[PDB]
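Coming up are structure 1 and structure 2: the same protein chain in two forms, each one given alone as structure tokens.
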Structure 1
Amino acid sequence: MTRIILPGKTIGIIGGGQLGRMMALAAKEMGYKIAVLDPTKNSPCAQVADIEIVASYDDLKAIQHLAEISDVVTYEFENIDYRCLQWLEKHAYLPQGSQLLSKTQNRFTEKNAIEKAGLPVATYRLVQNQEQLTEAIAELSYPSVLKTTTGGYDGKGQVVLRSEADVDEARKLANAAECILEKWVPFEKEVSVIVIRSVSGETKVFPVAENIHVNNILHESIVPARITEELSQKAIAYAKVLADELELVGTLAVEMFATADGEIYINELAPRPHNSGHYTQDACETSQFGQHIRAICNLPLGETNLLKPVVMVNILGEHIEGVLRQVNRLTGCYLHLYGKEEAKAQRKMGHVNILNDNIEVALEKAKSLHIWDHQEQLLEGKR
């Protein structure tokens, strides 16, 4: 309510990946102490934490131990089960609560909640068996997209249905998992907005980012998004309605499709700092992580003004040697590396924020470094 977590207190983080690490580094500038729970020793967050607890996420004893030594608890890992979430809510201080998190773990549930909040989404149907798939294909026609409702840390369970010739692969997906069938949205841009809401109801919204995915992994975020002033205003208003309606405490990332015609469809929500918000570390007055900490500790929120245009580029395992090799060429670039021990080809290892007065020059900078030639080549065929 009016409850404040003062500097000097301990912030407990569930999950020790890069999101937890950047939260921690933000909290440390303000003099907070950090405890982290992660299943692997020497996690990115653990490298900046005062206290490390190595345990499984579903281990209630370990969760209780984190809670016991923390003045406030937050998470970067979303898939926390109901028994741990309830324990934390009632026996520790978890200002984000569990309601929003319970709405966002299932695609169908999420879409229902978005519509209940008064916002538009692609027309969708629940698919729990072959018969519901057949009906959904009838009602939505082609083209359409069948996705799993839960899990998939990459986007593994997705089948795009362009013709009757696609039905058989969709049936295979519907066999392995509860699914959702969505109308295919013709759109020009994928954009996202990070919205922040504090314990006391104060809200701030970041600018709209334009997001470029390659292999279903975020490649670039571009701010300002290359859209009309009217599309931006709409994306921002939608994000605000969601934060109000969902009674957000903490950070909410809202991912959207923007059509040439100026309509927005909400694609998905993440109740946490998000990859499409990393630009904020170097280009805005407050980062999504500093905002996250203020929101849960109930400090006044910072400003979210864009101070300079930016292009964020992800560094995957496949890019790390190229980055190190090209280090002398990183003028106008702000490098972030997460300290991950084991590199893997599509593992997120870091990101680089390219700040420039002109967005097209920053984009040209990423191309001229030649680190992401693979991504740039995959970006054709285009449309």
Structure 2
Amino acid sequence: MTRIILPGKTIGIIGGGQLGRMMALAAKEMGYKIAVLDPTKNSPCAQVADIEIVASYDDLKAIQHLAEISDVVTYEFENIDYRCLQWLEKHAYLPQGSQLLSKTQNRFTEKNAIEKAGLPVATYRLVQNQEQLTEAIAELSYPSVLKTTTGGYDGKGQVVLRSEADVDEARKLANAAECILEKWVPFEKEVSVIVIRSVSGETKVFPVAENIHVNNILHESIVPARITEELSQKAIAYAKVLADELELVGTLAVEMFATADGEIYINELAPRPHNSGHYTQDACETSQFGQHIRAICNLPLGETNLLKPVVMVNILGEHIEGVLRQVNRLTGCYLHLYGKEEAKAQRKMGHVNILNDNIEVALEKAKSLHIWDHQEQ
């Protein structure tokens, strides 16, 4: 499309957490004005916004007020209900649309969409009752994973089935929610690729990141991912096909499992800037945030070249005190802090990008700081 949102206009963001703040910082460099809607006052994004609307995400009047004063609307918060999404899509300017968001909100719908796009996923079965769970266990065997189809984004919303001894905890889960059961994928590495597609269809792909999770929370992203050139090219190709097939506008994070045998399976999609892309802020020619703004405003996309190898490390509530006390040791480290007040143990408070010519040296730097000893074990 030809529709361009010029510098000087207002970008409205639904959700005022760190992803909102970082989008807003990127937009401000390019001379955009920012409006944000969020349930809590003084959110991370509001701390950088020109206009703040403090309301619930299901409050259609407030959503309308945001739209009314915005030249383009984007979201960080994903669980926007259909009546609000349709209103925005048809009566405001929401170039991302609602179709992609709706697909990624349900694990079953999501896997179907991926397979229909021609891409591999772990073999899976929908589980809506006990009978279906029984049949699924029979078909897929052990080991397996039962996950709820909606409302993550946790460790509680799933149960790993290694033996018949785990079935009872699984039945409990299938009793409270609609689920999916997936075959256990024996993977070597978890990897992700951020792809960007503008309103006019220009596409850019970021380099493959290797992701290390701990307690179902991201710990580290390592770029370049420590994988063969063949796995890398495959992950990138898969992401590009997804972006095309799903008619992406904006940002898509594609999380994947990579096997020793060089197989890729697609795990999940997030139609927004993602935690596994924060490395781009310091190590790439354009950040995922600068890219997202350009994409929705239909400006030319920037380059995604990796300019230096990087390890991103997450800063949770349990780490913030360690970071501040060790601040004098943060040479070659690039600190981002989100401006959150309460430091809950598993709340994401910031991240640090450790840049180095050698990836193993960056990894060692994080260890030597003794901030993440818990995650390291």
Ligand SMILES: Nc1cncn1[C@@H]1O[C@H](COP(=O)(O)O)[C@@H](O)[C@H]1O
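All residue numbers here follow the sequence of structure 1, with the first residue given the number 1. Think of the rigid core as the biggest set of C-alphas that the two forms share within 1.5 Å after superposition.
*Asks:* Quick check on the two chains I just loaded: which one is the form deposited without ligand AIR, 1 or 2?
*Replies:* That would be structure 2.
*Asks:* Report, in Å with one decimal, the C-alpha displacement of residue 157 between structure 1 and structure 2 after core superposition.
*Replies:* The alpha-carbon displacement, core-superposed, is 1.1 Å.
*Asks:* Keeping the rigid core fixed, what distance in angstrom separates the two C-alpha positions of residue 144 between structure 1 and structure 2?
*Replies:* Between its two positions, the C-alpha of residue 144 lies 0.6 Å apart after core fitting.
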